[PDB]
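Data first, discussion second: the structure below is written as structure tokens.
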Amino acid sequence: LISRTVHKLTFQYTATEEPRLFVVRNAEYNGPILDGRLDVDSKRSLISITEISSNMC
Amino acid sequence: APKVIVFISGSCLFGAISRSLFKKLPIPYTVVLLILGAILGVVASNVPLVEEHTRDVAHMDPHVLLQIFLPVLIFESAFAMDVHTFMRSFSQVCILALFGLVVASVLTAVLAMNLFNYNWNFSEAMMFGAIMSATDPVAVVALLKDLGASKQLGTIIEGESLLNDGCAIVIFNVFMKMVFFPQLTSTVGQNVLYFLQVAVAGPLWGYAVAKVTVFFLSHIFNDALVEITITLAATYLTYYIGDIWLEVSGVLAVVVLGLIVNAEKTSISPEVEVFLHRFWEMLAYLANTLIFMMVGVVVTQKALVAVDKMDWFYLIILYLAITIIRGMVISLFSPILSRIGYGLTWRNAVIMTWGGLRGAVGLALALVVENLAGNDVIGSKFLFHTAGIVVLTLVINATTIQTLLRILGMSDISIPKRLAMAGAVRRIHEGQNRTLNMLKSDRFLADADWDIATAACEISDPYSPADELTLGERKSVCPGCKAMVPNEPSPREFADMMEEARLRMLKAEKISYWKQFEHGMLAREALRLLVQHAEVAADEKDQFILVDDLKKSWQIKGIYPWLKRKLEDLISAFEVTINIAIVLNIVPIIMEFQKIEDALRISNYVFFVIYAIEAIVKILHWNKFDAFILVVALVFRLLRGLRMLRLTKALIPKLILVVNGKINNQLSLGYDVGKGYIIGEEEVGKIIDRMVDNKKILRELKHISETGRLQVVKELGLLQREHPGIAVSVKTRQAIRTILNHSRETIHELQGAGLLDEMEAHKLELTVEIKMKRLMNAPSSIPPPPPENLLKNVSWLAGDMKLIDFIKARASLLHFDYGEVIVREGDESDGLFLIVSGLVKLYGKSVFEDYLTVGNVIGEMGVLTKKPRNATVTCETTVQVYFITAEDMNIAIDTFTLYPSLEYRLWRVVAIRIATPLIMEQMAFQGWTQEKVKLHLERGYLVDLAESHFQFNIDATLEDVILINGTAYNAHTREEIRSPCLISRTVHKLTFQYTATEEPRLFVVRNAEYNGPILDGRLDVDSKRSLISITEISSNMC
Amino acid sequence: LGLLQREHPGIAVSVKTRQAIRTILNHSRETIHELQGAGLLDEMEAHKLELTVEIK
Amino acid sequence: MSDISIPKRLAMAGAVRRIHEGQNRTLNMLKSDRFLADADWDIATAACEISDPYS
Amino acid sequence: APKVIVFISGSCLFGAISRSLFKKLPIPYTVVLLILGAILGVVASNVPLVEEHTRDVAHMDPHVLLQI
Amino acid sequence: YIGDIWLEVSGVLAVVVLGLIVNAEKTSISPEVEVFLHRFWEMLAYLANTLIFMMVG
């Protein structure tokens, strides 16, 4: 487990190693924004949001 | 063998089958219960055993039917009501229910007399109209609750139904006593006294029993059964005593009792509140089931032998006329109802007209007409027409009220609610995908049938022309990150950006208010008011949530401050003995109102020992009144005057306690609404940099938010200055509630960690629940502390008696009147200023503007850093301050140097105050409230940088490192940091330069703590062998 | 436990599917609670979704 | 049979100590709030006191 | 007028008072309920209105007592 | 009622067995209904004890 003391990792690329690194990124931003786009379909009952974005203008 | 058990339990089982089998069908379960009752009735008419069962049950006495079933229905209808929304629109509900009920009963009486072939007089026709005008919508209230908007219409319909049922039973009882049981004659004075008795002493008797019940419930801790028993016994005793022992309308008494107990729900423990809601719903369900079954049995046994084709025709015309009459009533009251703040639209009027569902109250009154008419046909016609209009209203109005809400447009799901539900469903789906990918790689659950697991775990979204055009306009409004094309704004798209930013700010404010309520900071009603103001402000053109509409929450103005000051002007063990003597002499007043009444109670206990020897010779204007009472006693009415004067001079301070309680209840809501607004604006200003990207819009929204924040802070400070003691009481209530809520969270986090098992955690949670209930019954006006108690309760000063003594020795209480300037912006730091009275204004060019109040200390950073001042302080009221000079603070710093030093405590207070915006800026995106940040920062400690050679190594045990003052160098001197800043993950080692006039300060928080499963310790038995207690809780041993 | 699965295979698959579905629904319940605490979902909509997971 | 066992006594004492340090942290936070600074803190400290049930 | 409501609700209120007033005392609330019932019984033997109430309630059928 | 009246069955043992089985199959009830049912039957037994002791006195 690469600790807090390490700041930058420089991997050597060679044969028979090809190193693998697994990272987890700080939960997520549960955006209070949450803008989206619906589209009405046939019979006007399946109106459903498609593009849940939460990052817009 | 009681056959009532077989009928009651069979009705319960048939209602269970009816509810279960007809979930999908739109026909309600009450009409199919009525059909099953009719089948049981004809089976009873054929088979004699079912005749025995239904004969001894369904052919009930009328009085016992009302006295058992009506209090349950009326109390559940009052207890399910949202009392605050009911009272906000009490005017419309009252005028609609009362006046619409009396004119609908009159019109139904006139229609019955002029249309029905029977020779009914006006009294029996008014009985018929009273039964027909009683409405019980429950399905319509449920449909209007779940279908989003028109939230107020459900409360309007439910309150109108409750008052309609109560007043319908009142006019029914009046005309039943006109027709059936007496037919006596009385004068107009007795008639107006009887009307006054019913229509006034109903609610007053209900109020008296409700206040006694609420007082009894407030002082009951740690037994739910006593509380449920008290509620049930209070309801039944109120109805029985009012209707039987007095001539009081007991229905109005149970209405008032239910509304008051629903208002004072905080006097009940919350688990008992949840139980009481489900319990009264269950009792009303059983009452409705029994009434509908009995009505079906008696309709097909006794009421269906006089029905003809003309009766069926009259039933159809009666249903049409009742709907037309109710619609015309709502239409004619539409101007008066529209003149009030929630004016009815035509859509709400149509829903109110078509939601007039008849029910169990009208069925019960028809049943008592049937059983009181005897062998006459009038009861048969009453019961047949009531059951017919109940069946017709249930079928037609339930199905068409669903279709009519769909057609009129009130059942549409709003676009923001659709977006929120879609985001929740997407989060649920990605969480389930993560859980599935975890569970497929487990060493135990690898061979599970995953098709069935994926099929069973599928949380679908419940919500699946103008709308598409509007949504297309919104996505044309926001290109942002998905478009990824730069451009420049235009004067139409600038207004579009401003409007969308306003909507985003209001949505984030609503999210902040719900975060405050969910973490136990807001009350419920403050949350409702704040989200209502945000939703109202989202509907107008360009307004935000204003301050002027929020002022009405904390407008304490009314009759109550005037009563408070007048009774306090009137106020300003021997008295207990005299009050006990007057209370003991209260009973001979009732005796004199036989040995001539035992010599008139021995001359009224010899004039109450000659007024207790003239109050012990006036203890060797109130005393003038006592002397006048004694002189009148020396010269029965004298005793009455003496007793009433003693009662007045005893009951005045209880009246000021009631006035203090009412001002406290309004002031608590005002403080909660204001604090919710302040916390919401602070949170939305922490998250406005990500949302609003245009800088002009950012500056305008920040300016509006800061003006609102400053106005609310100033109003709350002046509000504290208006009523000081009640302000101290509400602040102490909120402080105790915060401490106990966080203790509850600590018990829950110990229960989740397994360190405390469920029984011991339940004991400790029982202790904190008892403490919350005792906090509810607090004094409403804690007297305000002197300046000395404020000075002893400063955070740094508070720990040590010696430092308290030194600072109190070298304090200086200074007084500044209105408009004076306490300190300038650019002058030197000459000392602290602890505000002990009043409100100040911190104008400063940091433009930093703030209002400080009682308890805040000004100049701590100034007297530590030896820096020129930041902001000038001008008084906004008369301000009393404690001026601890800089020389006194410096010699107190040089004097007190223990392990908690004065320097360490002062720098810790200012370090928390300067580290809260940094952690809130860098970590608002992880959903952290300000209170959680303050609590997480309060676990920290400053580092003695003089100890470790002025170089500091950030190892993995440190969570957040904030440099508070001075400059620092980082790692292999890569750069320099010279500000208040949150030292990030990239920095590994801090090397501080030690020089003059900086002396840098660093605040660190260390990685929660190891909650040791070890937990070894040592006890020691003491004298009497009862105080055996653990001393050395170690959790780190061999 | 491996030999116990080998004794009765189908009942082992049923109890594993029960525990898997229960784990997924418990974590969905925790996700609804963490959306309710974050304010993104109000109390009525969260009560609807919790009603769905309770029915499941 | 009514004696409280030693491990249960230790667990309850640890829970009470965690409660007390949490209340001290909450008090030090609440004394430095811009709204609740003038509360009567003697009453708050008296009302919030989760004593150990097993002494 | 069903007097069973007055007896049932009075018993509920007296049990509430008995539970509330005797939390600290080791004597249970059932025996003090029995003492209050004895006081109500001699009051009923003297006063005829309480005789009417307790007579139509407490002199119950045996079968309905068991079956309820 | 059916056991004691319509048959000659000891209905007390029937209610004992019914209560023990419903207590065993508590997972067939929803948990909020389980909490309600516990407090509800405690309340009904409290009212029954109170009424029996008052009547006996």
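Following the order of the structure tokens, chains are lettered A, B, ..., residues in each are numbered from 1, and ligands are numbered from 1.
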
Skip region 5-19 of chain C itself and residues of its chain fewer than 2 positions away, then list as a ChimeraX atom specification all residues within 7 Å of it, counting only C-alpha atoms. /B:445,447-449,453 /C:1-3,21-23

Write out, as a short mmCIF file (atom, residue, chain, number, x, y, z; two decimals), in the first residue's frame, the residues just selected, with C-alpha atoms.
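Output below, filename part_35.cif:
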```
data_model
loop_
_atom_site.label_atom_id
_atom_site.label_comp_id
_atom_site.auth_asym_id
_atom_site.auth_seq_id
_atom_site.Cartn_x
_atom_site.Cartn_y
_atom_site.Cartn_z
CA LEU B 445 -21.33 -16.94 -2.48
CA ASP B 447 -22.12 -20.37 -7.02
CA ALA B 448 -25.33 -18.41 -6.50
CA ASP B 449 -27.91 -18.17 -9.27
CA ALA B 453 -30.36 -12.10 -7.93
CA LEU C 1 -19.27 -25.91 4.63
CA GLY C 2 -17.98 -27.10 1.26
CA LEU C 3 -18.96 -30.69 2.01
CA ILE C 21 -30.12 -10.73 -2.66
CA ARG C 22 -30.21 -9.69 1.00
CA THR C 23 -26.73 -8.15 0.77
#
```

Residues of chain E classed as helix (DSSP H, G or I) by DSSP on the backbone are to be reported as a PyMOL selection string. chain E and resi 4-21+29-46+48-58+62-67

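Across the structure, CA of residue 820 (chain B) and CA of residue 834 (chain B) are spaced 16.4 Å apart.
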
- May I have the residues within 10 Å of residue 356 (chain B) as an MDAnalysis selection string, using only C-alpha atoms and disregarding those fewer than 4 positions away in the same chain? chainID B and resid 133:137 140 157 161 322:323 326:327 351:352 393:394 397:398

So that I have them on file, write out the residues from the current selection with C-alpha atoms, as a short mmCIF file (atom, residue, chain, number, x, y, z; two decimals), in the first residue's frame.
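The result, written out as out.cif:
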```cif
data_model
loop_
_atom_site.label_atom_id
_atom_site.label_comp_id
_atom_site.auth_asym_id
_atom_site.auth_seq_id
_atom_site.Cartn_x
_atom_site.Cartn_y
_atom_site.Cartn_z
CA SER B 133 -73.49 16.68 4.31
CA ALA B 134 -71.07 14.67 6.47
CA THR B 135 -68.09 13.88 4.25
CA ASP B 136 -65.21 11.47 4.92
CA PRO B 137 -62.58 11.55 2.15
CA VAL B 140 -58.82 11.48 -2.01
CA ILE B 157 -60.05 18.82 2.20
CA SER B 161 -63.98 16.95 6.32
CA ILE B 322 -75.89 16.59 -3.69
CA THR B 323 -73.00 16.94 -6.14
CA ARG B 326 -71.74 21.07 -3.08
CA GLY B 327 -70.32 22.51 -6.30
CA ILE B 351 -61.37 18.40 -6.75
CA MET B 352 -63.08 19.63 -3.57
CA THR B 393 -70.05 8.23 -4.04
CA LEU B 394 -67.46 5.55 -3.28
CA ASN B 397 -66.19 9.52 -7.12
CA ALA B 398 -63.15 7.33 -6.32
#
```

May I have a table of the residues of chain B lying at most 6 Å from chain D, giving each one's closest pair of atoms and their distance in Å to one decimal, counting only C-alpha atoms, ordered by chain and ascending residue number, as a Markdown table?
```
| residue | atom | partner | partner_atom | distance |
| --- | --- | --- | --- | --- |
| B:728 | CA | D:39 | CA | 5.3 |
| B:731 | CA | D:39 | CA | 5.3 |
| B:732 | CA | D:39 | CA | 5.1 |
| B:736 | CA | D:44 | CA | 5.4 |
| B:743 | CA | D:19 | CA | 5.9 |
| B:854 | CA | D:38 | CA | 5.9 |
| B:855 | CA | D:37 | CA | 5.0 |
| B:1029 | CA | D:55 | CA | 5.8 |
```

Preceding selection exported with N, CA and C atoms as a PDB file, in the first residue's frame:
```
ATOM      1  N   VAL B 728     -32.085  33.277  26.196  1.00  0.00           N
ATOM      2  CA  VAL B 728     -31.168  32.384  26.898  1.00  0.00           C
ATOM      3  C   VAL B 728     -31.769  30.989  27.031  1.00  0.00           C
ATOM      4  N   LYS B 731     -31.572  29.278  23.573  1.00  0.00           N
ATOM      5  CA  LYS B 731     -30.192  28.913  23.282  1.00  0.00           C
ATOM      6  C   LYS B 731     -29.740  27.727  24.122  1.00  0.00           C
ATOM      7  N   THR B 732     -30.161  27.669  25.385  1.00  0.00           N
ATOM      8  CA  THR B 732     -29.823  26.529  26.228  1.00  0.00           C
ATOM      9  C   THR B 732     -30.522  25.265  25.751  1.00  0.00           C
ATOM     10  N   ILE B 736     -28.338  22.014  24.608  1.00  0.00           N
ATOM     11  CA  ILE B 736     -28.554  20.709  25.228  1.00  0.00           C
ATOM     12  C   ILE B 736     -28.989  19.691  24.186  1.00  0.00           C
ATOM     13  N   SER B 743     -24.305  12.796  21.547  1.00  0.00           N
ATOM     14  CA  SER B 743     -24.126  11.639  22.419  1.00  0.00           C
ATOM     15  C   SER B 743     -24.884  10.428  21.894  1.00  0.00           C
ATOM     16  N   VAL B 854     -23.857  39.107  22.171  1.00  0.00           N
ATOM     17  CA  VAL B 854     -23.437  38.777  23.528  1.00  0.00           C
ATOM     18  C   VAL B 854     -22.682  37.457  23.525  1.00  0.00           C
ATOM     19  N   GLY B 855     -21.453  37.481  24.021  1.00  0.00           N
ATOM     20  CA  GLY B 855     -20.641  36.293  24.142  1.00  0.00           C
ATOM     21  C   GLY B 855     -19.464  36.222  23.202  1.00  0.00           C
ATOM     22  N   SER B1029     -15.715   0.959  41.247  1.00  0.00           N
ATOM     23  CA  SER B1029     -15.697   1.692  39.993  1.00  0.00           C
ATOM     24  C   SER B1029     -14.336   1.583  39.333  1.00  0.00           C
TER      25      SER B1029
END
```

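The chain C residues that come within 10 Å of chain A are residues 35, 38, 39 and 40 of chain C, with only C-alpha atoms taken into account.
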
Once you count only C-alpha atoms, which residues of chain F turn out to be within 12 Å of chain C? Could you give them as a PyMOL selection string? chain F and resi 28-32

For those residues, write N, CA, C and O atoms to a file as a PDB file, in the first residue's frame.
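Result went into out_6.pdb, see below:
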```
ATOM      1  N   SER F  28     -42.093 -13.473   8.689  1.00  0.00           N
ATOM      2  CA  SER F  28     -43.221 -13.310   7.784  1.00  0.00           C
ATOM      3  C   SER F  28     -43.935 -11.983   7.979  1.00  0.00           C
ATOM      4  O   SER F  28     -44.699 -11.572   7.103  1.00  0.00           O
ATOM      5  N   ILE F  29     -43.707 -11.317   9.087  1.00  0.00           N
ATOM      6  CA  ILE F  29     -44.237  -9.990   9.344  1.00  0.00           C
ATOM      7  C   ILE F  29     -43.175  -8.968   8.973  1.00  0.00           C
ATOM      8  O   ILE F  29     -41.973  -9.223   9.101  1.00  0.00           O
ATOM      9  N   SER F  30     -43.613  -7.819   8.475  1.00  0.00           N
ATOM     10  CA  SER F  30     -42.697  -6.719   8.219  1.00  0.00           C
ATOM     11  C   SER F  30     -42.174  -6.169   9.546  1.00  0.00           C
ATOM     12  O   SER F  30     -42.900  -6.193  10.544  1.00  0.00           O
ATOM     13  N   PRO F  31     -40.911  -5.718   9.599  1.00  0.00           N
ATOM     14  CA  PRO F  31     -40.295  -5.371  10.896  1.00  0.00           C
ATOM     15  C   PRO F  31     -40.947  -4.221  11.651  1.00  0.00           C
ATOM     16  O   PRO F  31     -40.994  -4.260  12.892  1.00  0.00           O
ATOM     17  N   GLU F  32     -41.456  -3.206  10.946  1.00  0.00           N
ATOM     18  CA  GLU F  32     -42.201  -2.144  11.610  1.00  0.00           C
ATOM     19  C   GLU F  32     -43.483  -2.688  12.224  1.00  0.00           C
ATOM     20  O   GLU F  32     -43.862  -2.309  13.342  1.00  0.00           O
TER      21      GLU F  32
END
```

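When the distance limit is 7 Å and only C-alpha atoms are what count, the residues near region 14-19 of chain E, minus those fewer than 5 positions from it on the same chain, are residues 226 and 230 of chain B; 29, 32 and 33 of chain E; 50 of chain F.
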
**Prompt:** What residues in chain A have any atom no more than 9 Å from chain B when counting only C-alpha atoms, and can you write them as a count of residues only?
**Reply:** 32

Practice prompt. For residue 56 (chain C), please output as a PyMOL selection string all residues within 10 Å (counting only C-alpha atoms; exclusion window: fewer than 2 positions along the same chain).
Written response: (chain B and resi 456-459) or (chain C and resi 21-22+25+50-54)

Exercise for the section: Show which residues sit within 8 Å of residue 55 (chain F), as a PyMOL selection string. Count only C-alpha atoms, and ignore same-chain residues fewer than 3 positions away. Expected result: (chain E and resi 37+58) or (chain F and resi 51-52)

Keeping only N, CA, C and O atoms, take the residues you just selected and write them out as a short mmCIF file (atom, residue, chain, number, x, y, z; two decimals), in the first residue's frame.
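The resulting file, result-v8.cif, is reproduced below:
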```cif
data_model
loop_
_atom_site.label_atom_id
_atom_site.label_comp_id
_atom_site.auth_asym_id
_atom_site.auth_seq_id
_atom_site.Cartn_x
_atom_site.Cartn_y
_atom_site.Cartn_z
N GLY E 37 -59.48 -0.61 43.62
CA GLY E 37 -60.72 -1.31 43.31
C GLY E 37 -61.55 -1.62 44.53
O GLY E 37 -62.78 -1.56 44.48
N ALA E 58 -68.52 -4.86 36.63
CA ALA E 58 -67.73 -5.85 37.36
C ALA E 58 -68.49 -7.13 37.66
O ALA E 58 -67.86 -8.16 37.91
N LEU F 51 -57.94 -4.21 34.12
CA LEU F 51 -59.37 -4.46 34.26
C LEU F 51 -59.65 -5.64 35.18
O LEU F 51 -60.57 -5.58 36.00
N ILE F 52 -58.86 -6.72 35.08
CA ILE F 52 -59.07 -7.89 35.92
C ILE F 52 -58.80 -7.57 37.38
O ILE F 52 -59.58 -7.95 38.26
#
```

Selection: 8 Å around region 860-862 of chain B, only C-alpha atoms, excl. self and same-chain fewer than 2 positions, as a VMD selection string:
chain B and resid 829 831 to 832 857 to 858 864 to 869 906 910

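Within 10 Å of chain B, chain E contributes the residues residues 1, 2, 3, 4, 5, 6, 7, 8, 9, 10, 11, 12, 13, 14, 15, 16, 17, 18, 19, 20, 61, 62, 63, 64, 65, 66, 67 and 68 of chain E, using only C-alpha atoms.
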
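With only C-alpha atoms as the atoms that count, the minimum distance from chain F to the choices E:26, E:36, E:21, E:47 is reached by E:36.
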